[PDB]
Amino acid sequence: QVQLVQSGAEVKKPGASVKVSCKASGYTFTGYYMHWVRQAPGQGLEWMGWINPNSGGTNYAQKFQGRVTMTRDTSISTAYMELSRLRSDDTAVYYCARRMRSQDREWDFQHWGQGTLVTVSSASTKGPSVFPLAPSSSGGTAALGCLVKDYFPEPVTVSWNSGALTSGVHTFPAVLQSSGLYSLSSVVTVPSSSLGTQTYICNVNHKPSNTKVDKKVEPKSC
Amino acid sequence: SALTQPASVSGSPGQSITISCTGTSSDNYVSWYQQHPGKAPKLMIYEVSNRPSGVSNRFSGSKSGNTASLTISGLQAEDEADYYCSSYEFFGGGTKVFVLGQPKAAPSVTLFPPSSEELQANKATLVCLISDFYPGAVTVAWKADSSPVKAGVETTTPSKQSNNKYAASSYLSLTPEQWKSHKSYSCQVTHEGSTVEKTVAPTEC
Amino acid sequence: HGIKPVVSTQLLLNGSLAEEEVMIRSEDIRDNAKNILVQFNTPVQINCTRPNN
Ligand SMILES: *[C@@H]1O[C@H](CO)[C@@H](O[C@@H]2O[C@H](CO)[C@@H](O)[C@H](O)[C@H]2NC(C)=O)[C@H](O)[C@H]1NC(C)=O
């Protein structure tokens, strides 16, 4: 019944530092090393270093050699992971793993924590710059949409014809940029015979910036 | 990242599957982890072949020279997670298990140009929308016009739709001086080995 | 043989020297988690004092 409890999600600005908790229960805390493995969102696992709760001696990887400091508190059975000078790539889910009780020791992580999500976000509240996506000329049934470009922070709600047009509506998830701004695109598939007599408008709503905008998607010239 | 894992491996519910892990040198132990989205990895195989309690006997491991393989016989709907192979402190690239649709299909791509009002400002963004494909394994490439471009491209990892299919959306940031330069462009969406391309040209009327 | 229980850290003091060449013994040299035991052949001298009376 090995229990591993980490801290809640943390949000730091780039250049600051953050300390990640990892409480252990259900076994002898001072008998097993404590590892730290992070995973960037959408990427793979990456081992950072193990700490021996007995003496406190650690083993930081060369990539983080000089940035991470791993401490522990044997009285409360809690390991800590502090990363100094946070860069843009340090956004990841950080786990604290423990070895198997059986089978030698150290490199077969049977127990993991629930994970701690720390993120570096550098941005200010900015309204989206919506641009239409004119259809081309198959359809029968053309496809048109809108480009919600450069906005912070999420989420934005996109509806068509103020809710009157629901099919076929497909609002894609947004993508993160280096400047911190977000960008997504919603597209609706509509019959091309209605182009010229039907109205199609995308309703972009950005509550964190108090910006309500509606873009008209005319069929492009020729 | 000395351990090489394929990005996607195929298998049907009931039959067996195999995930290969190629790592240099031959003098170590290999381990396997199963990571469902939102949860932490789970130790499935330790020391090449041994298996911790209490994961099903459907998982088994093997190693021959510089290649370790994980085999899952009788695939179910719960065997859906990311699989990583481990050697000491190093990890593999990961492996996604794709079960079965069954509906096997290719992506429907819709490509859009930068709006004329976006060209009024000094910006230009290409919207390449990818819809209802299965499974969720897509690599997007941009050519200019035929010379591949990997600068300023933002590709979306596939997300599940409402009809249990996947969708993606790739963008390519450009400038008005770059936008009105070349004669054409491309958003080559490669899925299951086949490439679905949509033509885009800045010859605006 | 005469093993002197010297409680030390990092440096092994008053230990038995290795004959011929120095020896590097480890349970797994390719493993970082396992300590690396080094044994000299030529002993190094270290004088420690507490000048406080
Ligand atoms: C400690 O250093 C001393 C320095 O002299 C070494 O002592 C000599 O070792 C030889 C080998 O048998 C003896 O013939 C001498 O009588 C030793 N002298 C003294 C003062 O002990 C000794 O080898 C070193 N020991 C260790 C364990 O390193």
# chains A, B, ... in the order shown; residues from 1 in each chain; ligands from 1
>>> residues_near_ligand(ligand="ligand 1", cutoff="9 Å", atoms="only C-alpha atoms and all ligand atoms", output="list in words")
residues 13, 14, 15, 16, 17, 41, 42, 43, 44 and 45 of chain C
>>> write_last_selection(atoms="N, CA, C and O atoms", output="PDB file, in the first residue's frame")
ATOM      1  N   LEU C  13      40.890   5.678   4.953  1.00  0.00           N
ATOM      2  CA  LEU C  13      42.108   5.909   5.716  1.00  0.00           C
ATOM      3  C   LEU C  13      42.575   4.622   6.386  1.00  0.00           C
ATOM      4  O   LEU C  13      41.757   3.818   6.845  1.00  0.00           O
ATOM      5  N   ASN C  14      43.897   4.436   6.435  1.00  0.00           N
ATOM      6  CA  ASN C  14      44.523   3.298   7.118  1.00  0.00           C
ATOM      7  C   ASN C  14      43.992   1.960   6.603  1.00  0.00           C
ATOM      8  O   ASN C  14      43.821   1.006   7.364  1.00  0.00           O
ATOM      9  N   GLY C  15      43.729   1.881   5.298  1.00  0.00           N
ATOM     10  CA  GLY C  15      43.235   0.667   4.688  1.00  0.00           C
ATOM     11  C   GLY C  15      44.346  -0.139   4.030  1.00  0.00           C
ATOM     12  O   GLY C  15      45.480   0.305   3.900  1.00  0.00           O
ATOM     13  N   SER C  16      43.994  -1.350   3.606  1.00  0.00           N
ATOM     14  CA  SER C  16      44.967  -2.227   2.968  1.00  0.00           C
ATOM     15  C   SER C  16      45.195  -1.797   1.522  1.00  0.00           C
ATOM     16  O   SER C  16      44.240  -1.589   0.766  1.00  0.00           O
ATOM     17  N   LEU C  17      46.463  -1.656   1.145  1.00  0.00           N
ATOM     18  CA  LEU C  17      46.826  -1.240  -0.199  1.00  0.00           C
ATOM     19  C   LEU C  17      46.709  -2.407  -1.173  1.00  0.00           C
ATOM     20  O   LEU C  17      46.747  -3.579  -0.791  1.00  0.00           O
ATOM     21  N   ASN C  41      47.712   1.731  -4.746  1.00  0.00           N
ATOM     22  CA  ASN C  41      48.901   0.920  -4.522  1.00  0.00           C
ATOM     23  C   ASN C  41      50.002   1.674  -3.796  1.00  0.00           C
ATOM     24  O   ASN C  41      50.736   1.069  -3.014  1.00  0.00           O
ATOM     25  N   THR C  42      50.125   2.977  -4.036  1.00  0.00           N
ATOM     26  CA  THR C  42      51.049   3.831  -3.309  1.00  0.00           C
ATOM     27  C   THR C  42      50.263   4.673  -2.317  1.00  0.00           C
ATOM     28  O   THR C  42      49.378   5.435  -2.733  1.00  0.00           O
ATOM     29  N   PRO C  43      50.537   4.576  -1.017  1.00  0.00           N
ATOM     30  CA  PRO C  43      49.739   5.330  -0.042  1.00  0.00           C
ATOM     31  C   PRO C  43      50.076   6.815  -0.056  1.00  0.00           C
ATOM     32  O   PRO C  43      51.239   7.210  -0.172  1.00  0.00           O
ATOM     33  N   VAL C  44      49.035   7.641   0.062  1.00  0.00           N
ATOM     34  CA  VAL C  44      49.175   9.092   0.149  1.00  0.00           C
ATOM     35  C   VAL C  44      49.107   9.499   1.614  1.00  0.00           C
ATOM     36  O   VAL C  44      48.357   8.908   2.401  1.00  0.00           O
ATOM     37  N   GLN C  45      49.895  10.504   1.986  1.00  0.00           N
ATOM     38  CA  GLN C  45      49.998  10.942   3.370  1.00  0.00           C
ATOM     39  C   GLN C  45      49.160  12.195   3.591  1.00  0.00           C
ATOM     40  O   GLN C  45      49.108  13.079   2.731  1.00  0.00           O
TER      41      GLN C  45
END
>>> residues_around(residues="residue 166 (chain B)", least_positions_apart="5", cutoff="9 Å", atoms="only C-alpha atoms", output="PyMOL selection string")
chain B and resi 107+130-137+158-161
>>> select_by_dssp(residues="region 17-121 of chain B", states="helix (DSSP H, G or I)", output="PyMOL selection string")
chain B and resi 116-120
>>> write_last_selection(atoms="N, CA, C and O atoms", output="PDB file, in the first residue's frame")
ATOM      1  N   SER B 116      -7.059  38.505 -46.427  1.00  0.00           N
ATOM      2  CA  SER B 116      -6.627  39.772 -47.007  1.00  0.00           C
ATOM      3  C   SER B 116      -6.456  40.842 -45.939  1.00  0.00           C
ATOM      4  O   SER B 116      -5.573  41.700 -46.054  1.00  0.00           O
ATOM      5  N   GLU B 117      -7.285  40.808 -44.892  1.00  0.00           N
ATOM      6  CA  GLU B 117      -7.123  41.749 -43.791  1.00  0.00           C
ATOM      7  C   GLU B 117      -5.888  41.427 -42.961  1.00  0.00           C
ATOM      8  O   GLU B 117      -5.316  42.323 -42.329  1.00  0.00           O
ATOM      9  N   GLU B 118      -5.470  40.160 -42.944  1.00  0.00           N
ATOM     10  CA  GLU B 118      -4.207  39.811 -42.305  1.00  0.00           C
ATOM     11  C   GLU B 118      -3.022  40.321 -43.114  1.00  0.00           C
ATOM     12  O   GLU B 118      -1.981  40.664 -42.542  1.00  0.00           O
ATOM     13  N   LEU B 119      -3.162  40.384 -44.439  1.00  0.00           N
ATOM     14  CA  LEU B 119      -2.122  40.960 -45.279  1.00  0.00           C
ATOM     15  C   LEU B 119      -2.077  42.478 -45.188  1.00  0.00           C
ATOM     16  O   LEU B 119      -1.036  43.070 -45.493  1.00  0.00           O
ATOM     17  N   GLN B 120      -3.179  43.118 -44.786  1.00  0.00           N
ATOM     18  CA  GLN B 120      -3.138  44.551 -44.512  1.00  0.00           C
ATOM     19  C   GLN B 120      -2.147  44.857 -43.397  1.00  0.00           C
ATOM     20  O   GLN B 120      -1.404  45.843 -43.466  1.00  0.00           O
TER      21      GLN B 120
END
>>> residues_around(residues="residue 220 (chain A)", least_positions_apart="6", cutoff="8 Å", atoms="only C-alpha atoms", output="JSON, numbers by chain")
{"A": [134, 135, 136], "B": [205]}
>>> residues_around(residues="residue 189 (chain B)", least_positions_apart="3", cutoff="7 Å", atoms="only C-alpha atoms", output="list in words")
residues 138, 139, 140, 141, 195, 196 and 197 of chain B
>>> write_last_selection(atoms="N, CA, C and O atoms", output="mmCIF file, in the first residue's frame")
data_model
loop_
_atom_site.group_PDB
_atom_site.id
_atom_site.type_symbol
_atom_site.label_atom_id
_atom_site.label_comp_id
_atom_site.auth_asym_id
_atom_site.auth_seq_id
_atom_site.Cartn_x
_atom_site.Cartn_y
_atom_site.Cartn_z
ATOM 1 N N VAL B 138 -0.077 11.323 -37.366
ATOM 2 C CA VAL B 138 0.039 12.217 -38.514
ATOM 3 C C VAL B 138 1.312 13.044 -38.377
ATOM 4 O O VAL B 138 1.582 13.605 -37.310
ATOM 5 N N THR B 139 2.095 13.114 -39.455
ATOM 6 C CA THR B 139 3.277 13.968 -39.537
ATOM 7 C C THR B 139 3.085 14.948 -40.690
ATOM 8 O O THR B 139 2.907 14.528 -41.839
ATOM 9 N N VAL B 140 3.130 16.246 -40.386
ATOM 10 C CA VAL B 140 2.832 17.302 -41.352
ATOM 11 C C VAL B 140 4.134 17.915 -41.848
ATOM 12 O O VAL B 140 5.025 18.233 -41.050
ATOM 13 N N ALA B 141 4.237 18.101 -43.163
ATOM 14 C CA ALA B 141 5.411 18.693 -43.789
ATOM 15 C C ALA B 141 4.985 19.800 -44.742
ATOM 16 O O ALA B 141 3.952 19.695 -45.410
ATOM 17 N N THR B 195 0.331 9.967 -48.142
ATOM 18 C CA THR B 195 0.402 11.417 -48.007
ATOM 19 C C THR B 195 -0.770 12.071 -48.727
ATOM 20 O O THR B 195 -0.987 11.826 -49.918
ATOM 21 N N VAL B 196 -1.514 12.906 -48.004
ATOM 22 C CA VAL B 196 -2.636 13.665 -48.548
ATOM 23 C C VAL B 196 -2.207 15.124 -48.623
ATOM 24 O O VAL B 196 -2.022 15.780 -47.590
ATOM 25 N N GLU B 197 -2.055 15.639 -49.840
ATOM 26 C CA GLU B 197 -1.559 16.989 -50.072
ATOM 27 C C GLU B 197 -2.669 17.878 -50.617
ATOM 28 O O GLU B 197 -3.489 17.437 -51.427
#
>>> closest_residue(among="A:219, A:35, A:8, A:116", to="residue 60 (chain A)", atoms="only C-alpha atoms")
A:35
>>> select_by_dssp(residues="chain C", states="strand (DSSP E)", output="list in words")
residues 23, 24, 25, 37, 38 and 39 of chain C
>>> atom_distance(atom1="CA of residue 94 (chain A)", atom2="CA of residue 30 (chain A)")
21.5 Å
>>> interface_residues(of="chain C", to="chain A", cutoff="10 Å", atoms="only C-alpha atoms", output="list in words")
residues 31, 32, 33 and 34 of chain C
>>> write_last_selection(atoms="C-alpha atoms", output="PDB file, in the first residue's frame")
ATOM      1  CA  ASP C  31      25.563   2.120 -13.303  1.00  0.00           C
ATOM      2  CA  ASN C  32      25.768   5.529 -11.640  1.00  0.00           C
ATOM      3  CA  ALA C  33      23.675   4.515  -8.620  1.00  0.00           C
ATOM      4  CA  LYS C  34      26.338   2.046  -7.434  1.00  0.00           C
TER       5      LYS C  34
END
>>> interface_residues(of="chain B", to="chain C", cutoff="9 Å", atoms="only C-alpha atoms", output="PyMOL selection string")
chain B and resi 28+88-89
>>> interface_residues(of="chain B", to="chain A", cutoff="7 Å", atoms="only C-alpha atoms", output="mmCIF file with N, CA, C and O atoms, in the first residue's frame")
data_model
loop_
_atom_site.group_PDB
_atom_site.id
_atom_site.type_symbol
_atom_site.label_atom_id
_atom_site.label_comp_id
_atom_site.auth_asym_id
_atom_site.auth_seq_id
_atom_site.Cartn_x
_atom_site.Cartn_y
_atom_site.Cartn_z
ATOM 1 N N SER B 31 13.546 -2.574 -19.212
ATOM 2 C CA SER B 31 12.275 -2.493 -18.509
ATOM 3 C C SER B 31 11.242 -1.831 -19.410
ATOM 4 O O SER B 31 11.583 -1.143 -20.373
ATOM 5 N N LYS B 39 -2.283 9.707 -16.341
ATOM 6 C CA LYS B 39 -1.753 8.919 -15.238
ATOM 7 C C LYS B 39 -0.250 8.725 -15.395
ATOM 8 O O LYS B 39 0.344 9.038 -16.429
ATOM 9 N N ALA B 40 0.359 8.202 -14.340
ATOM 10 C CA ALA B 40 1.785 7.941 -14.331
ATOM 11 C C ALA B 40 2.087 6.602 -14.993
ATOM 12 O O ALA B 40 1.215 5.736 -15.088
ATOM 13 N N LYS B 42 3.427 2.772 -15.553
ATOM 14 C CA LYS B 42 3.228 1.576 -14.745
ATOM 15 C C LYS B 42 4.227 0.516 -15.178
ATOM 16 O O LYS B 42 4.291 0.168 -16.361
ATOM 17 N N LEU B 43 5.002 0.006 -14.225
ATOM 18 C CA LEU B 43 6.026 -0.990 -14.522
ATOM 19 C C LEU B 43 5.361 -2.294 -14.945
ATOM 20 O O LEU B 43 4.690 -2.946 -14.140
ATOM 21 N N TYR B 46 10.145 -6.034 -15.947
ATOM 22 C CA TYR B 46 11.463 -5.712 -15.421
ATOM 23 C C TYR B 46 12.423 -6.854 -15.720
ATOM 24 O O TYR B 46 12.022 -8.019 -15.790
ATOM 25 N N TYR B 88 18.872 1.432 -17.529
ATOM 26 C CA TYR B 88 19.469 2.268 -16.493
ATOM 27 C C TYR B 88 18.695 3.575 -16.352
ATOM 28 O O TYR B 88 17.529 3.570 -15.951
ATOM 29 N N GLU B 89 19.329 4.694 -16.689
ATOM 30 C CA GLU B 89 18.690 5.994 -16.547
ATOM 31 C C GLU B 89 18.051 6.500 -17.834
ATOM 32 O O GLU B 89 17.331 7.504 -17.793
ATOM 33 N N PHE B 91 15.661 6.457 -21.391
ATOM 34 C CA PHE B 91 14.314 6.072 -21.786
ATOM 35 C C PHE B 91 14.194 6.098 -23.304
ATOM 36 O O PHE B 91 15.003 6.714 -24.004
ATOM 37 N N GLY B 93 11.763 6.561 -26.993
ATOM 38 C CA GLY B 93 10.899 7.583 -27.556
ATOM 39 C C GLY B 93 9.430 7.389 -27.246
ATOM 40 O O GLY B 93 8.665 8.358 -27.296
ATOM 41 N N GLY B 94 9.021 6.169 -26.926
ATOM 42 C CA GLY B 94 7.633 5.875 -26.647
ATOM 43 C C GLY B 94 6.940 5.212 -27.824
ATOM 44 O O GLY B 94 7.353 5.328 -28.982
ATOM 45 N N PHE B 112 -6.160 26.713 -45.950
ATOM 46 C CA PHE B 112 -6.642 28.071 -46.133
ATOM 47 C C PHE B 112 -5.481 29.053 -46.252
ATOM 48 O O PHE B 112 -4.410 28.835 -45.675
ATOM 49 N N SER B 115 -5.770 35.644 -44.629
ATOM 50 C CA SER B 115 -6.840 36.554 -45.009
ATOM 51 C C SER B 115 -6.270 37.852 -45.569
ATOM 52 O O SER B 115 -5.148 38.256 -45.250
ATOM 53 N N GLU B 117 -7.285 40.808 -44.892
ATOM 54 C CA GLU B 117 -7.123 41.749 -43.791
ATOM 55 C C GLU B 117 -5.888 41.427 -42.961
ATOM 56 O O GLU B 117 -5.316 42.323 -42.329
ATOM 57 N N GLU B 118 -5.470 40.160 -42.944
ATOM 58 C CA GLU B 118 -4.207 39.811 -42.305
ATOM 59 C C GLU B 118 -3.022 40.321 -43.114
ATOM 60 O O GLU B 118 -1.981 40.664 -42.542
ATOM 61 N N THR B 156 -0.061 20.226 -34.723
ATOM 62 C CA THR B 156 -0.916 19.816 -33.617
ATOM 63 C C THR B 156 -0.862 18.303 -33.450
ATOM 64 O O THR B 156 -0.944 17.562 -34.435
ATOM 65 N N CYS B 205 -7.191 36.737 -56.255
ATOM 66 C CA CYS B 205 -7.918 37.552 -57.222
ATOM 67 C C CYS B 205 -8.393 38.855 -56.588
ATOM 68 O O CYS B 205 -7.585 39.681 -56.164
#
>>> atom_distance(atom1="CA of residue 10 (chain C)", atom2="CA of residue 67 (chain A)")
24.0 Å
>>> residues_around(residues="residue 2 (chain B)", least_positions_apart="3", cutoff="9 Å", atoms="only C-alpha atoms", output="number ranges by chain")
B: 22-24, 90-92
>>> residues_around(residues="residue 1 (chain A)", least_positions_apart="4", cutoff="10 Å", atoms="only C-alpha atoms", output="tab-separated table (two decimals) with N, CA and C atoms, in the first residue's frame")
chain	number	residue	atom	x	y	z
A	25	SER	N	4.49	7.32	1.92
A	25	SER	CA	3.81	6.64	3.01
A	25	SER	C	3.67	5.16	2.67
A	26	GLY	N	3.62	4.33	3.70
A	26	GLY	CA	3.41	2.91	3.53
A	26	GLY	C	4.66	2.06	3.48
A	27	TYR	N	5.83	2.64	3.72
A	27	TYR	CA	7.09	1.90	3.70
A	27	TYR	C	8.12	2.70	4.48
>>> atom_distance(atom1="CA of residue 44 (chain B)", atom2="CA of residue 3 (chain B)")
17.5 Å
